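Novice: As input, take target_0.txt (compact mmCIF, C-alpha atoms and all ligand atoms):
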# COMPACT_ATOMS: atom_id res chain seq x y z
CA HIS E 1 0.00 0.00 0.00
CA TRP E 2 1.05 3.51 0.96
CA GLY E 3 4.65 4.57 1.21
CA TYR E 4 6.91 7.46 0.25
CA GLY E 5 7.74 6.59 -3.36
CA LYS E 6 6.61 8.17 -6.62
CA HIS E 7 3.69 5.79 -7.02
CA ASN E 8 2.51 5.39 -3.42
CA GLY E 9 3.74 8.56 -1.68
CA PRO E 10 1.98 11.50 -0.02
CA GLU E 11 0.32 12.70 -3.24
CA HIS E 12 -1.48 9.33 -3.49
CA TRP E 13 -2.62 8.92 0.12
CA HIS E 14 -5.95 10.74 -0.25
CA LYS E 15 -7.28 7.93 -2.43
CA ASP E 16 -7.27 5.50 0.48
CA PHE E 17 -7.51 8.16 3.23
CA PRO E 18 -9.71 11.03 2.01
CA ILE E 19 -9.12 12.93 5.26
CA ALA E 20 -5.70 13.71 3.72
CA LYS E 21 -7.46 16.75 2.25
CA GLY E 22 -9.23 17.53 5.53
CA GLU E 23 -9.36 20.69 7.57
CA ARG E 24 -6.66 20.00 10.17
CA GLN E 25 -3.89 18.04 8.42
CA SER E 26 -0.23 17.89 9.48
CA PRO E 27 2.55 18.78 9.07
CA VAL E 28 2.37 22.51 8.32
CA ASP E 29 4.79 25.32 7.70
CA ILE E 30 5.29 27.33 10.88
CA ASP E 31 5.37 30.99 9.84
CA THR E 32 7.19 32.43 12.86
CA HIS E 33 6.05 35.96 12.16
CA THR E 34 2.38 34.90 11.98
CA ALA E 35 2.37 32.62 15.03
CA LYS E 36 0.91 34.60 17.91
CA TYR E 37 2.35 34.63 21.40
CA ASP E 38 -0.27 33.27 23.81
CA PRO E 39 0.63 34.28 27.40
CA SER E 40 -2.09 31.92 28.66
CA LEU E 41 -0.22 28.85 27.42
CA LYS E 42 1.23 26.97 30.37
CA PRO E 43 4.78 25.58 30.42
CA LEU E 44 5.02 22.04 29.13
CA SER E 45 5.35 19.34 31.77
CA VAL E 46 7.56 16.53 30.45
CA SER E 47 7.74 13.80 33.13
CA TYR E 48 10.00 11.07 31.73
CA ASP E 49 11.91 9.96 34.85
CA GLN E 50 10.02 6.63 35.06
CA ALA E 51 10.02 5.84 31.31
CA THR E 52 10.29 2.12 30.47
CA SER E 53 11.46 1.52 26.91
CA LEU E 54 10.72 -1.96 25.52
CA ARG E 55 11.60 -2.56 21.87
CA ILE E 56 13.04 -0.85 18.82
CA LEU E 57 11.32 -1.71 15.55
CA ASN E 58 11.59 -1.14 11.78
CA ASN E 59 7.95 -0.87 10.66
CA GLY E 60 8.64 -0.23 6.98
CA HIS E 61 7.94 3.51 7.19
CA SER E 62 10.12 4.59 10.13
CA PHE E 63 12.00 3.10 13.09
CA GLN E 64 10.41 3.37 16.51
CA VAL E 65 11.22 2.86 20.18
CA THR E 66 8.16 1.70 22.08
CA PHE E 67 7.45 2.21 25.77
CA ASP E 68 5.31 0.68 28.51
CA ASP E 69 2.13 2.79 28.47
CA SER E 70 0.13 0.53 30.82
CA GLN E 71 0.76 3.00 33.67
CA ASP E 72 1.44 6.72 34.05
CA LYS E 73 5.22 6.34 33.81
CA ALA E 74 6.31 8.86 31.17
CA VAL E 75 3.70 11.56 30.71
CA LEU E 76 3.22 14.89 28.97
CA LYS E 77 0.98 17.47 30.66
CA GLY E 78 0.56 21.21 30.70
CA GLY E 79 1.21 23.46 27.77
CA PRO E 80 -1.97 23.58 25.69
CA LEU E 81 -3.13 20.21 27.05
CA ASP E 82 -5.82 19.27 29.55
CA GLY E 83 -5.21 16.02 31.32
CA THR E 84 -2.47 13.46 31.10
CA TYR E 85 -0.90 11.96 27.99
CA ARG E 86 1.16 8.74 28.16
CA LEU E 87 4.27 8.25 26.02
CA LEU E 88 3.67 5.33 23.60
CA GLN E 89 6.66 5.53 21.24
CA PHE E 90 9.05 7.84 19.49
CA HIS E 91 10.21 7.68 15.87
CA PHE E 92 11.88 9.85 13.26
CA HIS E 93 11.43 11.28 9.78
CA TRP E 94 14.55 12.09 7.72
CA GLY E 95 15.88 12.91 4.30
CA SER E 96 18.22 11.64 1.64
CA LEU E 97 20.22 14.88 2.12
CA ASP E 98 20.76 17.18 5.10
CA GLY E 99 18.59 19.94 3.63
CA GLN E 100 15.37 17.93 3.86
CA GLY E 101 13.77 15.38 6.09
CA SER E 102 11.64 17.27 8.55
CA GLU E 103 7.88 17.25 8.23
CA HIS E 104 7.18 20.60 9.83
CA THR E 105 9.11 23.52 8.38
CA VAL E 106 9.97 26.85 9.97
CA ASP E 107 9.60 29.83 7.65
CA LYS E 108 9.82 27.23 4.85
CA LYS E 109 13.18 25.97 6.22
CA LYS E 110 13.53 22.18 6.19
CA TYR E 111 15.57 20.38 8.84
CA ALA E 112 17.56 17.20 8.26
CA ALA E 113 15.18 15.18 10.45
CA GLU E 114 12.34 15.45 12.93
CA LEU E 115 11.72 13.46 16.12
CA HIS E 116 8.14 12.65 17.13
CA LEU E 117 7.40 11.62 20.74
CA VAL E 118 3.86 10.23 20.53
CA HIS E 119 1.55 10.46 23.57
CA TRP E 120 -2.11 9.55 24.06
CA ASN E 121 -4.77 11.01 26.35
CA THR E 122 -5.39 8.70 29.32
CA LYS E 123 -9.06 9.60 29.58
CA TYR E 124 -9.69 7.52 26.43
CA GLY E 125 -8.18 4.34 27.86
CA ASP E 126 -6.26 2.96 24.88
CA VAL E 127 -4.53 4.44 21.87
CA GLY E 128 -7.03 2.92 19.42
CA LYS E 129 -9.80 4.92 21.09
CA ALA E 130 -7.67 8.06 21.41
CA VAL E 131 -7.00 8.21 17.67
CA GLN E 132 -10.75 8.59 17.11
CA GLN E 133 -10.93 11.74 19.27
CA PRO E 134 -10.08 15.38 18.43
CA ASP E 135 -7.85 15.60 21.51
CA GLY E 136 -6.72 11.98 21.63
CA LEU E 137 -3.00 12.39 20.94
CA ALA E 138 -0.26 14.88 21.71
CA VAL E 139 2.93 14.63 19.64
CA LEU E 140 6.07 16.44 20.78
CA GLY E 141 8.11 17.36 17.68
CA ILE E 142 11.81 18.16 17.81
CA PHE E 143 13.89 19.25 14.83
CA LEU E 144 17.30 17.76 14.04
CA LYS E 145 20.11 19.72 12.43
CA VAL E 146 23.48 18.27 11.42
CA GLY E 147 26.44 19.50 13.44
CA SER E 148 27.76 18.12 16.72
CA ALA E 149 26.72 14.64 17.83
CA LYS E 150 23.83 14.12 20.23
CA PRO E 151 25.27 11.74 22.85
CA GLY E 152 21.83 10.61 24.02
CA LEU E 153 20.97 9.44 20.48
CA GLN E 154 23.98 7.17 20.10
CA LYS E 155 22.51 4.11 21.73
CA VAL E 156 19.70 4.26 19.16
CA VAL E 157 22.12 4.71 16.25
CA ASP E 158 24.24 1.78 17.39
CA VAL E 159 21.47 -0.84 17.12
CA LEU E 160 19.99 0.24 13.78
CA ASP E 161 22.13 -2.40 12.00
CA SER E 162 20.06 -5.07 13.77
CA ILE E 163 16.71 -3.73 12.48
CA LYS E 164 17.71 -3.04 8.89
CA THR E 165 14.56 -4.25 7.15
CA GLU E 166 10.80 -3.94 7.59
CA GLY E 167 9.57 -6.25 10.31
CA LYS E 168 12.79 -6.52 12.33
CA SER E 169 12.84 -5.57 16.01
CA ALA E 170 15.11 -5.79 19.03
CA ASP E 171 15.01 -5.51 22.79
CA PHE E 172 15.65 -1.84 23.62
CA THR E 173 15.33 -1.51 27.42
CA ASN E 174 16.52 1.23 29.79
CA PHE E 175 16.71 3.97 27.14
CA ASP E 176 16.21 7.47 28.54
CA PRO E 177 14.27 9.70 26.11
CA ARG E 178 15.33 12.75 28.10
CA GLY E 179 18.67 12.56 26.34
CA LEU E 180 17.00 13.60 23.09
CA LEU E 181 15.53 16.91 24.38
CA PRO E 182 16.94 20.36 23.64
CA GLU E 183 17.60 22.81 26.51
CA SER E 184 14.52 24.99 25.94
CA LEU E 185 10.92 23.80 26.03
CA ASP E 186 9.66 26.88 24.14
CA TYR E 187 7.16 25.61 21.59
CA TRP E 188 4.61 26.27 18.89
CA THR E 189 1.25 24.51 19.05
CA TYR E 190 -1.67 23.88 16.67
CA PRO E 191 -4.43 21.25 16.16
CA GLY E 192 -3.40 18.73 13.54
CA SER E 193 -3.33 15.12 12.46
CA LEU E 194 -1.20 12.02 12.23
CA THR E 195 1.33 12.57 9.45
CA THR E 196 1.06 8.96 8.34
CA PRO E 197 -2.08 7.06 7.27
CA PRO E 198 -4.75 6.94 8.53
CA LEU E 199 -3.97 10.68 8.93
CA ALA E 200 -6.56 10.88 11.72
CA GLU E 201 -7.22 14.40 12.95
CA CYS E 202 -6.56 13.59 16.58
CA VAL E 203 -3.27 15.36 17.40
CA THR E 204 -2.41 18.40 19.47
CA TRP E 205 0.98 19.26 18.02
CA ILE E 206 3.66 20.70 20.27
CA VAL E 207 6.71 21.61 18.16
CA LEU E 208 9.83 22.77 19.99
CA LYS E 209 11.59 25.94 18.85
CA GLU E 210 15.12 24.69 19.62
CA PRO E 211 16.49 21.90 17.40
CA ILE E 212 18.92 19.30 18.63
CA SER E 213 22.19 18.85 16.77
CA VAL E 214 23.12 15.37 15.53
CA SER E 215 26.30 14.39 13.77
CA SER E 216 26.62 13.45 10.12
CA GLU E 217 27.64 9.92 11.19
CA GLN E 218 24.46 9.65 13.27
CA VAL E 219 22.10 10.68 10.48
CA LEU E 220 23.99 8.61 7.86
CA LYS E 221 23.12 5.62 10.03
CA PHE E 222 19.38 6.46 9.67
CA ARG E 223 19.77 6.39 5.87
CA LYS E 224 21.11 2.78 5.90
CA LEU E 225 17.72 1.42 7.02
CA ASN E 226 15.45 -0.15 4.40
CA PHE E 227 11.77 0.30 3.58
CA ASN E 228 11.69 -3.23 2.17
CA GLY E 229 11.60 -6.53 3.95
CA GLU E 230 14.55 -8.88 3.63
CA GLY E 231 14.37 -10.83 0.36
CA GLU E 232 12.71 -7.88 -1.44
CA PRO E 233 14.87 -5.45 -3.49
CA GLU E 234 16.66 -3.02 -1.20
CA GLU E 235 15.16 0.50 -1.11
CA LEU E 236 16.75 2.77 1.46
CA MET E 237 14.46 4.34 4.04
CA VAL E 238 15.18 7.97 3.16
CA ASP E 239 12.73 10.85 2.61
CA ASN E 240 10.02 9.29 4.80
CA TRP E 241 8.46 12.70 5.44
CA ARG E 242 5.10 14.14 4.45
CA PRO E 243 5.33 17.72 3.12
CA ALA E 244 3.59 20.72 4.65
CA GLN E 245 -0.21 20.77 4.26
CA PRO E 246 -2.41 23.85 3.91
CA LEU E 247 -2.97 25.62 7.20
CA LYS E 248 -6.64 26.45 6.36
CA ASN E 249 -8.66 27.70 9.36
CA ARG E 250 -5.99 27.37 12.03
CA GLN E 251 -3.67 29.64 14.02
CA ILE E 252 -0.32 28.51 15.36
CA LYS E 253 0.31 29.74 18.89
CA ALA E 254 3.72 30.35 20.44
CA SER E 255 4.52 29.78 24.11
CA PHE E 256 7.36 32.28 23.88
CA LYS E 257 7.84 35.89 23.06
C1 LIG Z 1 -1.06 2.01 7.76
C2 LIG Z 1 -2.38 2.42 8.40
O1 LIG Z 1 -3.29 2.80 7.73
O2 LIG Z 1 -2.46 2.33 9.80
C3 LIG Z 1 -1.29 1.76 10.39
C4 LIG Z 1 -1.58 1.58 11.76
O3 LIG Z 1 -1.86 2.95 12.37
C5 LIG Z 1 -1.97 2.81 13.80
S1 LIG Z 1 -2.16 4.51 14.36
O4 LIG Z 1 -3.51 5.02 13.59
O5 LIG Z 1 -2.23 4.53 16.01
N1 LIG Z 1 -0.77 5.37 13.79
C6 LIG Z 1 0.37 4.91 14.62
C7 LIG Z 1 0.68 6.02 15.66
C8 LIG Z 1 0.75 7.40 14.94
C9 LIG Z 1 1.64 8.36 15.74
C10 LIG Z 1 1.58 9.80 15.17
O6 LIG Z 1 2.50 9.81 14.09
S2 LIG Z 1 3.18 11.28 13.72
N2 LIG Z 1 4.18 10.96 12.38
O7 LIG Z 1 1.83 12.04 13.26
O8 LIG Z 1 3.91 11.37 14.99
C11 LIG Z 1 -3.27 2.15 14.10
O9 LIG Z 1 -3.25 1.60 15.46
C12 LIG Z 1 -4.28 2.10 16.28
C13 LIG Z 1 -4.10 2.00 17.81
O10 LIG Z 1 -5.27 2.57 15.80
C14 LIG Z 1 -3.78 1.20 13.09
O11 LIG Z 1 -4.69 0.17 13.70
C15 LIG Z 1 -4.44 -1.07 14.35
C16 LIG Z 1 -5.71 -1.90 14.65
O12 LIG Z 1 -3.37 -1.47 14.68
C17 LIG Z 1 -2.93 0.81 11.89
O13 LIG Z 1 -2.66 -0.59 11.74
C18 LIG Z 1 -3.27 -1.13 10.59
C19 LIG Z 1 -2.86 -2.52 10.08
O14 LIG Z 1 -4.09 -0.48 10.01
ZN ZN Z 2 6.05 11.10 12.86
What does this structure look like when you write it as structure tokens?
Specialist:
Amino acid sequence: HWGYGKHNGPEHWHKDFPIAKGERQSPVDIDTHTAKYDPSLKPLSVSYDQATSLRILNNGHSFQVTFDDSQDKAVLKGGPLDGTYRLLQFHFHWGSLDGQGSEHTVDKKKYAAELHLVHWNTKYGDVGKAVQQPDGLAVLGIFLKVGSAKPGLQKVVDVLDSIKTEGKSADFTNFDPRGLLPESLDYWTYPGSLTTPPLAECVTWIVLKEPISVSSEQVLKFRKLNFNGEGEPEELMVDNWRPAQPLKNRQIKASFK
């Protein structure tokens, strides 16, 4: 089915997922001069001290680290959110070249990659129910630029050789997602959607202003993954990003001045 190639990529998705042309699709371009400071936004509360990572997995469209979300162990609160959102997984989107790869853009600037920390609203009980709700998910988005290495990313990078192809996974315990966060929690926020099918319009996006820097050797290691399963022709998992979607009847709010 859907993918990121010429014949099954983002321009094709609306045929199977008509919400792709909906009113609150993600990602978007963040026009920094049009985003309005909202002094009523609360500071984000990122509570990751008890996070329990489980597995790392190549799912054919990205690579993800999954966590135990059967208790309130790693939760996102505050900011624009009401209630408690549990961390389910994080994954990345990246490019074939350093000048592209992010899904959100900032004043039309593309970053080399973008990290998504995916959380779901505990009042809906499970993630399958949350994805059917307008406020079911909160995704924390962090941009990646190429420069110095990010030490907290290295333990991820070092196991990617063991999940090269679609359907491979590995034990990934005791990983601390706090090592992937930039210093500042200043953020932009809007109502949006999943950026992969089914593109459900269930996401409060929280996109951090400050990117993290990763090294060229770290991102090169992303680009060695494969979309295909083993035994199928090899096609490099690169450019697994959806481009910016029309903003339509939405305002992006900034938590900073
Ligand atoms: C390919 C497709 O159409 O859906 C792919 C999977 O989607 C995930 S999802 O709707 O929960 N998406 C996974 C989490 C999205 C995180 C947000 O991503 S981003 N890039 O916007 O941070 C769904 O899982 C849930 C809980 O709804 C699907 O449903 C099931 C029953 O597993 C679906 O799996 C299948 C076989 O359809
Ligand atoms: Zn994503």
Novice: Extract, using only C-alpha atoms, all DNA, RNA and protein residues at most 12 Å from residue 79 (chain E), discarding same-chain residues fewer than 6 positions from it, and format them as a PyMOL selection string.
Specialist: chain E and resi 38-46+85+138+140+185-190+204-208+253-256
Novice: Could you list the protein, DNA and RNA residues that have any atom within 6 Å of ligand LIG 1 (chain Z), counting only C-alpha atoms and all ligand atoms, and write them as number ranges by chain?
Specialist: E: 116, 118, 127-128, 139, 194-198
Novice: Could you take the residues named above and write them with C-alpha atoms, as an mmCIF file, in the coordinates of the input?
Specialist:
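In the end it all went to out.cif:
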data_model
loop_
_atom_site.group_PDB
_atom_site.id
_atom_site.type_symbol
_atom_site.label_atom_id
_atom_site.label_comp_id
_atom_site.auth_asym_id
_atom_site.auth_seq_id
_atom_site.Cartn_x
_atom_site.Cartn_y
_atom_site.Cartn_z
ATOM 1 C CA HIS E 116 8.140 12.650 17.130
ATOM 2 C CA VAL E 118 3.860 10.230 20.530
ATOM 3 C CA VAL E 127 -4.530 4.440 21.870
ATOM 4 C CA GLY E 128 -7.030 2.920 19.420
ATOM 5 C CA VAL E 139 2.930 14.630 19.640
ATOM 6 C CA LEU E 194 -1.200 12.020 12.230
ATOM 7 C CA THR E 195 1.330 12.570 9.450
ATOM 8 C CA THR E 196 1.060 8.960 8.340
ATOM 9 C CA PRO E 197 -2.080 7.060 7.270
ATOM 10 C CA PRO E 198 -4.750 6.940 8.530
#
Novice: Around ligand ZN 2 (chain Z), which protein and nucleic acid residues have at least one atom no more than 12 Å from it, if we count all atoms listed in the file? List them as a ChimeraX atom specification.
Specialist: /E:26-27,61-64,89-94,101-104,113-119,138-143,193-197,199,203,205,207,240-243
Novice: Give me, as a count of residues only, all polymer residues having an atom no more than 9 Å from region 145-162 of chain E, counting only C-alpha atoms and skipping those fewer than 4 positions away in the same chain.
Specialist: 34
Novice: In Å, rounded to a single decimal, give me how far CA of residue 87 (chain E) is from CA of residue 137 (chain E).
Specialist: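 That distance, rounded to one decimal, is 9.8 Å.
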Novice: Give me, please, the distance in Å between CA of residue 68 (chain E) and CA of residue 86 (chain E), quoted to one decimal.
Specialist: 9.1 Å
Novice: Return the single residue from E:48, E:124, E:67, E:227 that is closest to residue 3 (chain E), with distances computed using all atoms listed in the file.
Specialist: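 For residue 3 (chain E), the nearest of the given residues is E:227.
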Novice: For residue 88 (chain E), which residue out of E:209, E:73, E:33, E:109 is the nearest one, using only C-alpha atoms?
Specialist: E:73
Novice: Point out the residue among E:100, E:126, E:35, E:5 with the least atom-to-atom distance to residue 228 (chain E), counting all atoms listed in the file.
Specialist: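 The shortest atom-to-atom distance to residue 228 (chain E) comes from E:5.
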Novice: Using only C-alpha atoms, can you tell me which of E:22, E:60, E:191, E:9 comes closest to residue 235 (chain E)?
Specialist: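 Between E:22, E:60, E:191, E:9, the residue approaching residue 235 (chain E) most closely is E:60.
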